[PDB]
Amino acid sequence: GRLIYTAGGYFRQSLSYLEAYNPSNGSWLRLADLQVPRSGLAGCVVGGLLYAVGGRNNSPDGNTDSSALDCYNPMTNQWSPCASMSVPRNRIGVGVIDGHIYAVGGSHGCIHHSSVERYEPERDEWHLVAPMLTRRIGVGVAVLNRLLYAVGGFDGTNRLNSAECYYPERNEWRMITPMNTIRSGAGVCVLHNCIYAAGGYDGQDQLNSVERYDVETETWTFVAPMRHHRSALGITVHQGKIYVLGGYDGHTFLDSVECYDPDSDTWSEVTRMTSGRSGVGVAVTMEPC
């Protein structure tokens, strides 16, 4: 697309911000607020429409895990509710295959989901698919070659370095090589033929390390680390470069946005969000209006 959208997040409470960053000129635009505040959500784009999935409204008047699917139209700058998932999913992971949205894992209270469901925009309907072999919240999700990957997270007792892959035509999950680092709440995306896992929380400290999985070789290799440690970060890809937005570094809710150029293997600070926050949903699509 053209703009990097960030939706929701957490700072003192769950947020409703929707803001769009333009890597071409460095400008931020504040757009229509989410109907419901929510942190720990995921963002994605299908057919030029932005989607906000799952999360949790941490608020003074209580805390409510979200099963909501909400759709934003850049042309109209308006949100509309879509069909809700079968179960609330806080700290969700999302991926898109063949125009379908896969919702992966997440928590509902003290329940840690292994279940997975798929949304078909043409029918505005969710359907459960095979569950993961492992319960995962704070799970990273990415799509490569029409295969879905769930990486890391937290199963209710242990934080995970494990990862698994979903084969749609077989409706089957299979474990892949584990990461070299335990990561919960990492930013997971795809660039070229590799699944990147950036940052996260390994049980003791927030991470700045970044490793990538090559599907051909089935191995994980560390690349350059990020300038700032961070968990609960937003991540996306824009014109062959990785962007990581916000997160929590153990001391502050970051406004820092870093950019990874895989050819030079370097991270640089490219902008700051209008305010620090963690647990945002991120996606890339067209320019509003």
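Note that residue numbering follows the sequence shown and begins at 1.
Here the stretch with the larger average CA B-factor, out of 67 to 75 and 129 to 137, is 67 to 75. Across the two stretches, 280 to 288 and 3 to 11, the PDB entry reports the greater mean Cα temperature factor for 280 to 288.
Per the deposited coordinates, the residue with the largest Cα temperature factor out of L245, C259, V237, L50 is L50. Among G187, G106, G153, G156, the highest C-alpha B-factor in the deposited entry belongs to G156. Ranked by C-alpha B-factor against the other modelled residues of its chain, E169 falls in the lowest third. Annotation for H192: C-alpha temperature factor in the highest third relative to the rest of the modelled chain, per the entry. In the deposited entry, the Cα temperature factor of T177 sits in the middle third of values across the chain's modelled residues. The deposited CA B-factor of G199 belongs to the middle third of values across its chain. The deposited CA B-factor of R146 belongs to the lowest third of values across its chain.
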